[PDB]
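Asks: Structure below; questions to follow.
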Amino acid sequence: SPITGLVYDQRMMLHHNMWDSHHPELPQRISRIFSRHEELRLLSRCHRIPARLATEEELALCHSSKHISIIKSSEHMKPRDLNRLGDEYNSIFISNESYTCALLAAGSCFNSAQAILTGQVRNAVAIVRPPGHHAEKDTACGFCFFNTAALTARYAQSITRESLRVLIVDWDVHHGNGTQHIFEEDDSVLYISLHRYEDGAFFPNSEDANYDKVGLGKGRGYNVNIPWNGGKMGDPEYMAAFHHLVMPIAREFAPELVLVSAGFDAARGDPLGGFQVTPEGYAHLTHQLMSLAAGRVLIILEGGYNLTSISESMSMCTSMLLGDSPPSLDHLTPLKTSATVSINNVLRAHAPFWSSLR
Ligand SMILES: CCCCC(=O)N(CCCC)Cc1ccc(C(=O)NO)cc1
Ligand SMILES: [K+]
Ligand SMILES: [K+]
Ligand SMILES: [Zn+2]
């Protein structure tokens with residue numbers, strides 16, 4: 001009988017915005033998600049995995065010493081220096097606890113990946129903040145200090161073998177620019193992101209997120225960007241992108257571990273997303289991914305800012321991991337026109353690299 005792991009530690013709530021207590025990357029994101037897991041009796045069904053701090057050596061798997069040093073130094077900064085330092089980055093706020101919280105998010109994911117790979121659990125869910133996928137080797141960005149998901153891929157390889165095949169599926173509504181760049185030349189880590197794009201008119205505002213960035217060097221083919229160019233994208237479009245692109249390429253890659261950069265800011269009612277993926281939609285995406293890697297799937301919270309939407313949606317993913325039957329989902333609504341164009345563009349760009357694409 002498969003076991004699902006869950007990691008959550010309330011200390012990650014201590015990271016906060018000292019100048020706008022209502023900033024959407026709120027401490028209560030993770031406490032609300034946790035409370036919903038309790039209310040729905042999902043937590044009791046999971047094997048509880050402890051949180052830990054990542055070490056500086058583990059952060060060096062993906063991040064420069066200079067970047068680690070500056071964020072580490074924030075732990076001891078006065079408020080005015082914390083405000084100045086955060087303003088040096090694109091969309092970062094920093095408190096004295098931010099470094100420790102970012103370490104806890106990553107270490108929680110390391111312990112979860114270790115639990116999966118050593119067979120203590122089949123799959124796992126990590127209710128963590130601050131998020132990770134915008135963080136670059138050398139810089140913080142977009143509410144993210146260290147790239148939790150990228151680090152976890154490298155940590156996984158470190159405790160198994162260097163060539164362990166890791167799939168990172170990033171379904172946060174924004175492009176994980178950091179994850180793409182860290183693995184852009186790497187054919188051991190397949191990065192697939194779906195994201196609102198709008199010709200660069202959506203954070204992180206760069207053409208790096210377009211469908212024609214397919215990877216570099218021996219990494220060519222191992223970066224798959226599925227960019228959306230409309231709005232009100234929802235279950236039909238995400239289901240179709242998984243059917244035509246994500247699952248065929250993932251099967252051809254044959255990952256041994258699946259990490260999900262699981263932002264829930266493509267969910268209904270999110271001012272930072274504008275999309276309408278339903279909890280049932282997220283369930284179906286999770287369940288499709290469980291078909292890979294002998295079920296070795298780790299779900300990692302990234303963004304997502306409507307407290308009710310992220311709590312319902314992430315709980316539905318945990319329900320899928322636990323083996324519950326996927327809910328009824330509509331399969332008949334026609335796609336938005338732009339979404340057919342996006343999927344077609346990615347298929348044409350990735351035809352050279354993935355023989356099973358049609
Ligand atoms: C101000 C420009 C319009 C909004 C914007 O671009 N912002 C918001 C700044 C504060 C809300 C930066 C941002 C947005 C989303 C994420 C995220 O959710 N990533 O996964 C990260 C960073
Ligand atoms: K994404
Ligand atoms: K890659
Ligand atoms: Zn996001």
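For the structure tokens, the naming scheme is as follows: chains receive sequential letters (A, B, ...) according to their order of presentation, residues are indexed from 1 within each chain, and ligands are indexed from 1 in presentation order.
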Please tabulate, as a tab-separated table, the residues of chain A that come within 7 Å of ligand 2, each with its closest pair of atoms and the distance in Å to one decimal, counting only C-alpha atoms and all ligand atoms and ordering rows by chain, then residue number upward.

Replies:
```
residue	atom	partner	partner_atom_place_in_ligand_line	distance
A:170	CA	ligand 2	1 (K)	4.3
A:171	CA	ligand 2	1 (K)	4.3
A:172	CA	ligand 2	1 (K)	4.2
A:173	CA	ligand 2	1 (K)	5.0
A:174	CA	ligand 2	1 (K)	4.6
A:175	CA	ligand 2	1 (K)	4.2
A:176	CA	ligand 2	1 (K)	5.4
A:193	CA	ligand 2	1 (K)	4.3
A:194	CA	ligand 2	1 (K)	4.5
A:195	CA	ligand 2	1 (K)	4.5
```

Asks: Could you take the residues named above and write them with C-alpha atoms, as a PDB file, in the first residue's frame?

Replies:
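As a result, part-v8.pdb now contains:
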```pdb
ATOM      1  CA  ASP A 170       6.465  23.750 -13.543  1.00  0.00           C
ATOM      2  CA  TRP A 171       2.752  24.527 -13.656  1.00  0.00           C
ATOM      3  CA  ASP A 172       2.933  27.765 -11.698  1.00  0.00           C
ATOM      4  CA  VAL A 173       1.409  30.380 -13.988  1.00  0.00           C
ATOM      5  CA  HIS A 174       4.774  32.127 -14.341  1.00  0.00           C
ATOM      6  CA  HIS A 175       7.856  30.860 -16.151  1.00  0.00           C
ATOM      7  CA  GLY A 176      10.476  29.425 -13.846  1.00  0.00           C
ATOM      8  CA  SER A 193       7.037  24.834 -17.888  1.00  0.00           C
ATOM      9  CA  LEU A 194       3.561  26.078 -18.775  1.00  0.00           C
ATOM     10  CA  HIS A 195       3.103  29.796 -18.241  1.00  0.00           C
TER      11      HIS A 195
END
```

Asks: Within 10 Å of ligand 4, counting only C-alpha atoms and all ligand atoms, which protein or nucleic acid residues do you find, written as a count of residues only?

Replies: 30

Asks: Counting only C-alpha atoms and all ligand atoms, which protein, DNA or RNA residues come within 12 Å of ligand 3, given as a PDB file with N, CA and C atoms, in the first residue's frame?

Replies:
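In the end it all went to result_38.pdb:
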```pdb
ATOM      1  N   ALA A 150      15.113  23.279  -8.273  1.00  0.00           N
ATOM      2  CA  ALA A 150      16.376  22.967  -8.930  1.00  0.00           C
ATOM      3  C   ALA A 150      17.342  22.301  -7.955  1.00  0.00           C
ATOM      4  N   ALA A 153      16.398  18.648  -7.386  1.00  0.00           N
ATOM      5  CA  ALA A 153      16.897  17.780  -8.459  1.00  0.00           C
ATOM      6  C   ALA A 153      18.367  17.444  -8.239  1.00  0.00           C
ATOM      7  N   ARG A 165      17.654  10.630 -13.835  1.00  0.00           N
ATOM      8  CA  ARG A 165      16.801  11.412 -14.724  1.00  0.00           C
ATOM      9  C   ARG A 165      15.682  12.055 -13.920  1.00  0.00           C
ATOM     10  N   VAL A 166      15.699  13.389 -13.844  1.00  0.00           N
ATOM     11  CA  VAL A 166      14.702  14.159 -13.104  1.00  0.00           C
ATOM     12  C   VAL A 166      13.860  14.964 -14.091  1.00  0.00           C
ATOM     13  N   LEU A 167      12.539  14.844 -13.979  1.00  0.00           N
ATOM     14  CA  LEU A 167      11.617  15.720 -14.693  1.00  0.00           C
ATOM     15  C   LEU A 167      11.128  16.783 -13.719  1.00  0.00           C
ATOM     16  N   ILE A 168      11.216  18.063 -14.111  1.00  0.00           N
ATOM     17  CA  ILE A 168      10.609  19.150 -13.352  1.00  0.00           C
ATOM     18  C   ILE A 168       9.497  19.690 -14.220  1.00  0.00           C
ATOM     19  N   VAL A 169       8.277  19.597 -13.723  1.00  0.00           N
ATOM     20  CA  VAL A 169       7.103  20.142 -14.385  1.00  0.00           C
ATOM     21  C   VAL A 169       6.692  21.355 -13.587  1.00  0.00           C
ATOM     22  N   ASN A 177      12.107  31.033 -14.699  1.00  0.00           N
ATOM     23  CA  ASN A 177      13.321  31.421 -15.415  1.00  0.00           C
ATOM     24  C   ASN A 177      14.555  30.813 -14.769  1.00  0.00           C
ATOM     25  N   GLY A 178      14.570  30.756 -13.429  1.00  0.00           N
ATOM     26  CA  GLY A 178      15.717  30.187 -12.735  1.00  0.00           C
ATOM     27  C   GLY A 178      15.909  28.707 -13.013  1.00  0.00           C
ATOM     28  N   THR A 179      14.833  27.937 -12.965  1.00  0.00           N
ATOM     29  CA  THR A 179      14.976  26.513 -13.244  1.00  0.00           C
ATOM     30  C   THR A 179      15.477  26.294 -14.662  1.00  0.00           C
ATOM     31  N   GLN A 180      14.894  27.007 -15.634  1.00  0.00           N
ATOM     32  CA  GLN A 180      15.337  26.861 -17.020  1.00  0.00           C
ATOM     33  C   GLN A 180      16.821  27.158 -17.155  1.00  0.00           C
ATOM     34  N   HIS A 181      17.276  28.272 -16.581  1.00  0.00           N
ATOM     35  CA  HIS A 181      18.675  28.632 -16.766  1.00  0.00           C
ATOM     36  C   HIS A 181      19.620  27.652 -16.081  1.00  0.00           C
ATOM     37  N   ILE A 182      19.270  27.174 -14.892  1.00  0.00           N
ATOM     38  CA  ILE A 182      20.163  26.257 -14.177  1.00  0.00           C
ATOM     39  C   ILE A 182      20.393  24.989 -14.991  1.00  0.00           C
ATOM     40  N   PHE A 183      19.357  24.485 -15.653  1.00  0.00           N
ATOM     41  CA  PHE A 183      19.478  23.220 -16.366  1.00  0.00           C
ATOM     42  C   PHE A 183      19.510  23.375 -17.881  1.00  0.00           C
ATOM     43  N   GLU A 184      19.722  24.601 -18.390  1.00  0.00           N
ATOM     44  CA  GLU A 184      19.553  24.846 -19.820  1.00  0.00           C
ATOM     45  C   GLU A 184      20.460  23.961 -20.670  1.00  0.00           C
ATOM     46  N   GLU A 185      21.626  23.568 -20.154  1.00  0.00           N
ATOM     47  CA  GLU A 185      22.584  22.765 -20.906  1.00  0.00           C
ATOM     48  C   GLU A 185      22.595  21.326 -20.458  1.00  0.00           C
ATOM     49  N   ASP A 186      21.645  20.940 -19.613  1.00  0.00           N
ATOM     50  CA  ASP A 186      21.668  19.680 -18.889  1.00  0.00           C
ATOM     51  C   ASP A 186      20.614  18.748 -19.474  1.00  0.00           C
ATOM     52  N   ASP A 187      21.045  17.591 -19.951  1.00  0.00           N
ATOM     53  CA  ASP A 187      20.118  16.588 -20.450  1.00  0.00           C
ATOM     54  C   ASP A 187      19.727  15.555 -19.400  1.00  0.00           C
ATOM     55  N   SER A 188      20.235  15.675 -18.183  1.00  0.00           N
ATOM     56  CA  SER A 188      19.772  14.853 -17.070  1.00  0.00           C
ATOM     57  C   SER A 188      18.517  15.384 -16.375  1.00  0.00           C
ATOM     58  N   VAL A 189      18.201  16.671 -16.539  1.00  0.00           N
ATOM     59  CA  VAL A 189      17.046  17.300 -15.914  1.00  0.00           C
ATOM     60  C   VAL A 189      16.222  17.929 -17.025  1.00  0.00           C
ATOM     61  N   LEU A 190      15.087  17.320 -17.309  1.00  0.00           N
ATOM     62  CA  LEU A 190      14.118  17.811 -18.258  1.00  0.00           C
ATOM     63  C   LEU A 190      13.207  18.815 -17.551  1.00  0.00           C
ATOM     64  N   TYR A 191      13.195  20.048 -18.047  1.00  0.00           N
ATOM     65  CA  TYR A 191      12.370  21.130 -17.525  1.00  0.00           C
ATOM     66  C   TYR A 191      11.225  21.397 -18.492  1.00  0.00           C
ATOM     67  N   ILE A 192       9.995  21.222 -18.022  1.00  0.00           N
ATOM     68  CA  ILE A 192       8.803  21.570 -18.774  1.00  0.00           C
ATOM     69  C   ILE A 192       8.046  22.626 -17.966  1.00  0.00           C
ATOM     70  N   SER A 193       7.861  23.818 -18.533  1.00  0.00           N
ATOM     71  CA  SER A 193       7.037  24.834 -17.888  1.00  0.00           C
ATOM     72  C   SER A 193       5.880  25.263 -18.787  1.00  0.00           C
ATOM     73  N   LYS A 213      12.903  28.514 -27.016  1.00  0.00           N
ATOM     74  CA  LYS A 213      14.043  28.253 -26.141  1.00  0.00           C
ATOM     75  C   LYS A 213      13.930  26.783 -25.759  1.00  0.00           C
ATOM     76  N   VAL A 214      14.690  25.942 -26.457  1.00  0.00           N
ATOM     77  CA  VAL A 214      14.548  24.504 -26.351  1.00  0.00           C
ATOM     78  C   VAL A 214      15.719  23.876 -25.625  1.00  0.00           C
ATOM     79  N   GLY A 215      16.596  24.686 -25.055  1.00  0.00           N
ATOM     80  CA  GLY A 215      17.795  24.182 -24.423  1.00  0.00           C
ATOM     81  C   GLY A 215      19.026  24.459 -25.273  1.00  0.00           C
ATOM     82  N   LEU A 216      20.184  24.220 -24.654  1.00  0.00           N
ATOM     83  CA  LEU A 216      21.476  24.588 -25.223  1.00  0.00           C
ATOM     84  C   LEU A 216      22.441  23.413 -25.166  1.00  0.00           C
ATOM     85  N   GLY A 217      23.286  23.287 -26.190  1.00  0.00           N
ATOM     86  CA  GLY A 217      24.293  22.236 -26.162  1.00  0.00           C
ATOM     87  C   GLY A 217      23.679  20.858 -26.081  1.00  0.00           C
ATOM     88  N   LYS A 218      24.247  20.006 -25.223  1.00  0.00           N
ATOM     89  CA  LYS A 218      23.657  18.680 -25.058  1.00  0.00           C
ATOM     90  C   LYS A 218      22.287  18.749 -24.412  1.00  0.00           C
ATOM     91  N   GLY A 219      21.914  19.908 -23.864  1.00  0.00           N
ATOM     92  CA  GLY A 219      20.597  20.209 -23.329  1.00  0.00           C
ATOM     93  C   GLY A 219      19.536  20.535 -24.354  1.00  0.00           C
ATOM     94  N   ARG A 220      19.872  20.554 -25.647  1.00  0.00           N
ATOM     95  CA  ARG A 220      18.874  20.845 -26.672  1.00  0.00           C
ATOM     96  C   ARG A 220      17.801  19.756 -26.731  1.00  0.00           C
ATOM     97  N   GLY A 221      16.548  20.181 -26.588  1.00  0.00           N
ATOM     98  CA  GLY A 221      15.413  19.315 -26.446  1.00  0.00           C
ATOM     99  C   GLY A 221      14.913  19.165 -25.015  1.00  0.00           C
ATOM    100  N   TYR A 222      15.749  19.460 -24.013  1.00  0.00           N
ATOM    101  CA  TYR A 222      15.426  19.181 -22.621  1.00  0.00           C
ATOM    102  C   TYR A 222      14.917  20.412 -21.880  1.00  0.00           C
ATOM    103  N   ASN A 223      14.473  21.416 -22.604  1.00  0.00           N
ATOM    104  CA  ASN A 223      13.765  22.558 -22.030  1.00  0.00           C
ATOM    105  C   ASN A 223      12.519  22.769 -22.871  1.00  0.00           C
ATOM    106  N   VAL A 224      11.342  22.658 -22.257  1.00  0.00           N
ATOM    107  CA  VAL A 224      10.072  22.720 -22.982  1.00  0.00           C
ATOM    108  C   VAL A 224       9.232  23.824 -22.362  1.00  0.00           C
ATOM    109  N   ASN A 225       9.100  24.946 -23.081  1.00  0.00           N
ATOM    110  CA  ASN A 225       8.258  26.064 -22.670  1.00  0.00           C
ATOM    111  C   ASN A 225       6.927  26.016 -23.408  1.00  0.00           C
ATOM    112  N   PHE A 253      11.379  10.676 -22.223  1.00  0.00           N
ATOM    113  CA  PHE A 253      12.509  10.953 -21.352  1.00  0.00           C
ATOM    114  C   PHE A 253      12.678   9.867 -20.301  1.00  0.00           C
TER     115      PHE A 253
END
```

Asks: Mind listing the alpha helix (DSSP H) residues of segment 183-316 of chain A, per DSSP on the backbone, as a PDB file with N, CA and C atoms, in the first residue's frame?

Replies:
```pdb
ATOM      1  N   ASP A 235      -8.811  24.449 -17.413  1.00  0.00           N
ATOM      2  CA  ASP A 235      -8.658  22.996 -17.502  1.00  0.00           C
ATOM      3  C   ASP A 235      -8.517  22.481 -18.931  1.00  0.00           C
ATOM      4  N   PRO A 236      -9.343  22.897 -19.912  1.00  0.00           N
ATOM      5  CA  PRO A 236      -9.210  22.323 -21.263  1.00  0.00           C
ATOM      6  C   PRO A 236      -7.828  22.512 -21.855  1.00  0.00           C
ATOM      7  N   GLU A 237      -7.275  23.708 -21.709  1.00  0.00           N
ATOM      8  CA  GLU A 237      -5.971  24.005 -22.283  1.00  0.00           C
ATOM      9  C   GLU A 237      -4.865  23.252 -21.559  1.00  0.00           C
ATOM     10  N   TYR A 238      -4.945  23.158 -20.225  1.00  0.00           N
ATOM     11  CA  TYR A 238      -3.882  22.434 -19.517  1.00  0.00           C
ATOM     12  C   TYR A 238      -3.974  20.940 -19.794  1.00  0.00           C
ATOM     13  N   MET A 239      -5.194  20.398 -19.864  1.00  0.00           N
ATOM     14  CA  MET A 239      -5.340  18.992 -20.221  1.00  0.00           C
ATOM     15  C   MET A 239      -4.781  18.719 -21.614  1.00  0.00           C
ATOM     16  N   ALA A 240      -5.034  19.620 -22.571  1.00  0.00           N
ATOM     17  CA  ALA A 240      -4.559  19.375 -23.926  1.00  0.00           C
ATOM     18  C   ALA A 240      -3.041  19.491 -24.004  1.00  0.00           C
ATOM     19  N   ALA A 241      -2.462  20.460 -23.294  1.00  0.00           N
ATOM     20  CA  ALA A 241      -1.010  20.570 -23.314  1.00  0.00           C
ATOM     21  C   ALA A 241      -0.367  19.332 -22.711  1.00  0.00           C
ATOM     22  N   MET A 247       3.046  14.846 -21.375  1.00  0.00           N
ATOM     23  CA  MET A 247       3.138  13.418 -21.083  1.00  0.00           C
ATOM     24  C   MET A 247       3.885  12.666 -22.176  1.00  0.00           C
ATOM     25  N   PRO A 248       3.701  12.987 -23.463  1.00  0.00           N
ATOM     26  CA  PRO A 248       4.521  12.284 -24.466  1.00  0.00           C
ATOM     27  C   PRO A 248       6.003  12.525 -24.286  1.00  0.00           C
ATOM     28  N   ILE A 249       6.406  13.769 -24.032  1.00  0.00           N
ATOM     29  CA  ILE A 249       7.833  14.017 -23.874  1.00  0.00           C
ATOM     30  C   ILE A 249       8.349  13.378 -22.587  1.00  0.00           C
ATOM     31  N   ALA A 250       7.567  13.463 -21.512  1.00  0.00           N
ATOM     32  CA  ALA A 250       7.978  12.850 -20.253  1.00  0.00           C
ATOM     33  C   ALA A 250       8.158  11.350 -20.418  1.00  0.00           C
ATOM     34  N   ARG A 251       7.236  10.695 -21.128  1.00  0.00           N
ATOM     35  CA  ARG A 251       7.371   9.255 -21.305  1.00  0.00           C
ATOM     36  C   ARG A 251       8.622   8.908 -22.097  1.00  0.00           C
ATOM     37  N   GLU A 252       8.955   9.722 -23.097  1.00  0.00           N
ATOM     38  CA  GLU A 252      10.135   9.457 -23.909  1.00  0.00           C
ATOM     39  C   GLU A 252      11.402   9.688 -23.102  1.00  0.00           C
ATOM     40  N   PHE A 253      11.379  10.676 -22.223  1.00  0.00           N
ATOM     41  CA  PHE A 253      12.509  10.953 -21.352  1.00  0.00           C
ATOM     42  C   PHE A 253      12.678   9.867 -20.301  1.00  0.00           C
ATOM     43  N   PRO A 279      -9.516  23.029  -9.069  1.00  0.00           N
ATOM     44  CA  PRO A 279      -8.895  21.953  -8.260  1.00  0.00           C
ATOM     45  C   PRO A 279      -8.974  20.593  -8.931  1.00  0.00           C
ATOM     46  N   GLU A 280     -10.101  20.313  -9.588  1.00  0.00           N
ATOM     47  CA  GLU A 280     -10.239  19.064 -10.329  1.00  0.00           C
ATOM     48  C   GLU A 280      -9.243  19.008 -11.477  1.00  0.00           C
ATOM     49  N   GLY A 281      -8.989  20.153 -12.112  1.00  0.00           N
ATOM     50  CA  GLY A 281      -7.951  20.197 -13.129  1.00  0.00           C
ATOM     51  C   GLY A 281      -6.592  19.808 -12.575  1.00  0.00           C
ATOM     52  N   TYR A 282      -6.206  20.412 -11.444  1.00  0.00           N
ATOM     53  CA  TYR A 282      -4.929  20.093 -10.823  1.00  0.00           C
ATOM     54  C   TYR A 282      -4.864  18.636 -10.418  1.00  0.00           C
ATOM     55  N   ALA A 283      -5.975  18.089  -9.919  1.00  0.00           N
ATOM     56  CA  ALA A 283      -6.016  16.662  -9.622  1.00  0.00           C
ATOM     57  C   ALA A 283      -5.666  15.839 -10.853  1.00  0.00           C
ATOM     58  N   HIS A 284      -6.248  16.186 -12.003  1.00  0.00           N
ATOM     59  CA  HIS A 284      -6.009  15.374 -13.192  1.00  0.00           C
ATOM     60  C   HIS A 284      -4.570  15.500 -13.663  1.00  0.00           C
ATOM     61  N   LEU A 285      -4.001  16.691 -13.561  1.00  0.00           N
ATOM     62  CA  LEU A 285      -2.592  16.839 -13.902  1.00  0.00           C
ATOM     63  C   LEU A 285      -1.721  16.028 -12.958  1.00  0.00           C
ATOM     64  N   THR A 286      -2.020  16.066 -11.651  1.00  0.00           N
ATOM     65  CA  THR A 286      -1.228  15.286 -10.707  1.00  0.00           C
ATOM     66  C   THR A 286      -1.309  13.803 -11.021  1.00  0.00           C
ATOM     67  N   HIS A 287      -2.520  13.323 -11.299  1.00  0.00           N
ATOM     68  CA  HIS A 287      -2.737  11.902 -11.546  1.00  0.00           C
ATOM     69  C   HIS A 287      -2.029  11.439 -12.818  1.00  0.00           C
ATOM     70  N   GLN A 288      -1.985  12.292 -13.842  1.00  0.00           N
ATOM     71  CA  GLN A 288      -1.234  11.945 -15.043  1.00  0.00           C
ATOM     72  C   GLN A 288       0.248  11.804 -14.721  1.00  0.00           C
ATOM     73  N   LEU A 289       0.772  12.715 -13.902  1.00  0.00           N
ATOM     74  CA  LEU A 289       2.187  12.651 -13.577  1.00  0.00           C
ATOM     75  C   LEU A 289       2.526  11.436 -12.729  1.00  0.00           C
ATOM     76  N   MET A 290       1.570  10.929 -11.935  1.00  0.00           N
ATOM     77  CA  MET A 290       1.822   9.737 -11.135  1.00  0.00           C
ATOM     78  C   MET A 290       2.056   8.498 -11.988  1.00  0.00           C
ATOM     79  N   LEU A 307      -6.061  32.488  -1.087  1.00  0.00           N
ATOM     80  CA  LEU A 307      -5.860  31.507  -0.011  1.00  0.00           C
ATOM     81  C   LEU A 307      -6.812  30.327  -0.141  1.00  0.00           C
ATOM     82  N   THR A 308      -8.063  30.588  -0.518  1.00  0.00           N
ATOM     83  CA  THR A 308      -9.007  29.494  -0.685  1.00  0.00           C
ATOM     84  C   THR A 308      -8.670  28.656  -1.919  1.00  0.00           C
ATOM     85  N   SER A 309      -8.264  29.303  -3.026  1.00  0.00           N
ATOM     86  CA  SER A 309      -7.983  28.544  -4.238  1.00  0.00           C
ATOM     87  C   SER A 309      -6.773  27.638  -4.044  1.00  0.00           C
ATOM     88  N   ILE A 310      -5.697  28.143  -3.424  1.00  0.00           N
ATOM     89  CA  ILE A 310      -4.507  27.301  -3.269  1.00  0.00           C
ATOM     90  C   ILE A 310      -4.764  26.211  -2.245  1.00  0.00           C
ATOM     91  N   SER A 311      -5.616  26.478  -1.264  1.00  0.00           N
ATOM     92  CA  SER A 311      -5.875  25.441  -0.281  1.00  0.00           C
ATOM     93  C   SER A 311      -6.729  24.328  -0.874  1.00  0.00           C
ATOM     94  N   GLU A 312      -7.709  24.675  -1.716  1.00  0.00           N
ATOM     95  CA  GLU A 312      -8.508  23.617  -2.338  1.00  0.00           C
ATOM     96  C   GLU A 312      -7.702  22.862  -3.383  1.00  0.00           C
ATOM     97  N   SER A 313      -6.893  23.587  -4.156  1.00  0.00           N
ATOM     98  CA  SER A 313      -6.186  22.975  -5.269  1.00  0.00           C
ATOM     99  C   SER A 313      -5.040  22.108  -4.795  1.00  0.00           C
ATOM    100  N   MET A 314      -4.232  22.601  -3.853  1.00  0.00           N
ATOM    101  CA  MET A 314      -3.143  21.752  -3.406  1.00  0.00           C
ATOM    102  C   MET A 314      -3.680  20.547  -2.645  1.00  0.00           C
ATOM    103  N   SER A 315      -4.788  20.710  -1.914  1.00  0.00           N
ATOM    104  CA  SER A 315      -5.368  19.550  -1.243  1.00  0.00           C
ATOM    105  C   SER A 315      -5.814  18.498  -2.238  1.00  0.00           C
ATOM    106  N   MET A 316      -6.375  18.920  -3.371  1.00  0.00           N
ATOM    107  CA  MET A 316      -6.769  17.938  -4.383  1.00  0.00           C
ATOM    108  C   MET A 316      -5.565  17.204  -4.954  1.00  0.00           C
TER     109      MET A 316
END
```

Asks: Pick out each residue of segment 214-258 of chain A that DSSP on the backbone tags as strand (DSSP E or B); I need them as number ranges by chain.

Replies: A: 223-228, 234, 257-258

Asks: For segment 23-35 of chain A, find every residue with an atom within 7 Å (counting only C-alpha atoms), except residues of its own chain fewer than 2 positions away, and show them as a JSON list (two decimals) with N, CA, C and O atoms, in the first residue's frame.

Replies:
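Listed below is the output, out_20.json:
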```json
[["chain", "number", "residue", "atom", "x", "y", "z"],
["A", 13, "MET", "N", 6.45, 30.38, 8.25],
["A", 13, "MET", "CA", 5.59, 31.56, 8.25],
["A", 13, "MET", "C", 6.31, 32.84, 8.66],
["A", 13, "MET", "O", 5.76, 33.93, 8.48],
["A", 14, "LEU", "N", 7.51, 32.72, 9.22],
["A", 14, "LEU", "CA", 8.16, 33.88, 9.82],
["A", 14, "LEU", "C", 8.69, 34.86, 8.78],
["A", 14, "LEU", "O", 8.87, 36.04, 9.09],
["A", 15, "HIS", "N", 8.99, 34.38, 7.57],
["A", 15, "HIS", "CA", 9.33, 35.26, 6.47],
["A", 15, "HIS", "C", 8.17, 36.21, 6.17],
["A", 15, "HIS", "O", 7.06, 35.77, 5.85],
["A", 16, "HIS", "N", 8.40, 37.52, 6.29],
["A", 16, "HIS", "CA", 7.27, 38.43, 6.11],
["A", 16, "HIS", "C", 7.73, 39.75, 5.51],
["A", 16, "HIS", "O", 8.92, 40.07, 5.48],
["A", 17, "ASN", "N", 6.75, 40.49, 5.01],
["A", 17, "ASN", "CA", 6.96, 41.79, 4.40],
["A", 17, "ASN", "C", 6.73, 42.86, 5.46],
["A", 17, "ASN", "O", 5.60, 43.07, 5.89],
["A", 20, "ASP", "N", 4.51, 46.03, 3.89],
["A", 20, "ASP", "CA", 3.13, 45.85, 3.44],
["A", 20, "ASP", "C", 2.68, 44.48, 3.95],
["A", 20, "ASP", "O", 2.91, 43.45, 3.30],
["A", 21, "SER", "N", 2.04, 44.47, 5.11],
["A", 21, "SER", "CA", 1.61, 43.20, 5.69],
["A", 21, "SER", "C", 0.56, 42.49, 4.85],
["A", 21, "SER", "O", 0.22, 41.34, 5.16],
["A", 37, "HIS", "N", -5.78, 20.64, 4.63],
["A", 37, "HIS", "CA", -5.38, 19.25, 4.65],
["A", 37, "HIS", "C", -5.88, 18.56, 5.90],
["A", 37, "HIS", "O", -6.28, 17.39, 5.86],
["A", 38, "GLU", "N", -5.88, 19.27, 7.04],
["A", 38, "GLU", "CA", -6.44, 18.70, 8.27],
["A", 38, "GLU", "C", -7.95, 18.57, 8.16],
["A", 38, "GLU", "O", -8.53, 17.55, 8.57],
["A", 39, "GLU", "N", -8.62, 19.63, 7.66],
["A", 39, "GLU", "CA", -10.07, 19.62, 7.58],
["A", 39, "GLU", "C", -10.56, 18.51, 6.68],
["A", 39, "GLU", "O", -11.55, 17.84, 6.99],
["A", 127, "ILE", "N", 4.53, 21.64, 1.55],
["A", 127, "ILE", "CA", 3.81, 22.89, 1.75],
["A", 127, "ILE", "C", 4.85, 23.86, 2.29],
["A", 127, "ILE", "O", 5.07, 23.97, 3.49],
["A", 128, "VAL", "N", 5.51, 24.59, 1.37],
["A", 128, "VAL", "CA", 6.67, 25.39, 1.72],
["A", 128, "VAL", "C", 6.54, 26.80, 1.16],
["A", 128, "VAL", "O", 5.86, 27.03, 0.15],
["A", 305, "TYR", "N", -1.90, 32.67, -4.83],
["A", 305, "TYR", "CA", -2.11, 33.74, -3.85],
["A", 305, "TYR", "C", -3.55, 33.92, -3.40],
["A", 305, "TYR", "O", -3.78, 34.74, -2.50],
["A", 307, "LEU", "N", -6.06, 32.49, -1.09],
["A", 307, "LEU", "CA", -5.86, 31.51, -0.01],
["A", 307, "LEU", "C", -6.81, 30.33, -0.14],
["A", 307, "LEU", "O", -6.42, 29.17, 0.07],
["A", 310, "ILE", "N", -5.70, 28.14, -3.42],
["A", 310, "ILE", "CA", -4.51, 27.30, -3.27],
["A", 310, "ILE", "C", -4.76, 26.21, -2.25],
["A", 310, "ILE", "O", -4.24, 25.10, -2.36],
["A", 311, "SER", "N", -5.62, 26.48, -1.26],
["A", 311, "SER", "CA", -5.88, 25.44, -0.28],
["A", 311, "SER", "C", -6.73, 24.33, -0.87],
["A", 311, "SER", "O", -6.44, 23.14, -0.66]]
```

Asks: Tell me which of A:326, A:352, A:130, A:5 sits closest to ligand 1, counting only C-alpha atoms and all ligand atoms.

Replies: A:130

Asks: Counting only C-alpha atoms and all ligand atoms, which residue out of A:200, A:50, A:323, A:107 sits closest to ligand 1?

Replies: A:200

Asks: Which residue, A:87, A:207, A:81, A:256, has the smallest gap to ligand 1 when you use only C-alpha atoms and all ligand atoms?

Replies: A:87

Asks: I'd like the interatomic distance between atom CA of residue 269 of chain A and atom CA of residue 306 of chain A, to a tenth of an Å.

Replies: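 One can read the atom CA of residue 269 of chain A to atom CA of residue 306 of chain A distance as 6.3 Å.
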
Asks: I'd like to know which of A:102, A:82, A:354, A:51 is closest to residue 246 of chain A, using only C-alpha atoms.

Replies: A:354

Asks: Report, in Å with one decimal, the straight-line distance from atom CA of residue 141 of chain A to atom 22 (C, counted along the ligand's line) of ligand 1.

Replies: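 Between atom CA of residue 141 of chain A and atom 22 (C, counted along the ligand's line) of ligand 1 the gap is 7.3 Å.
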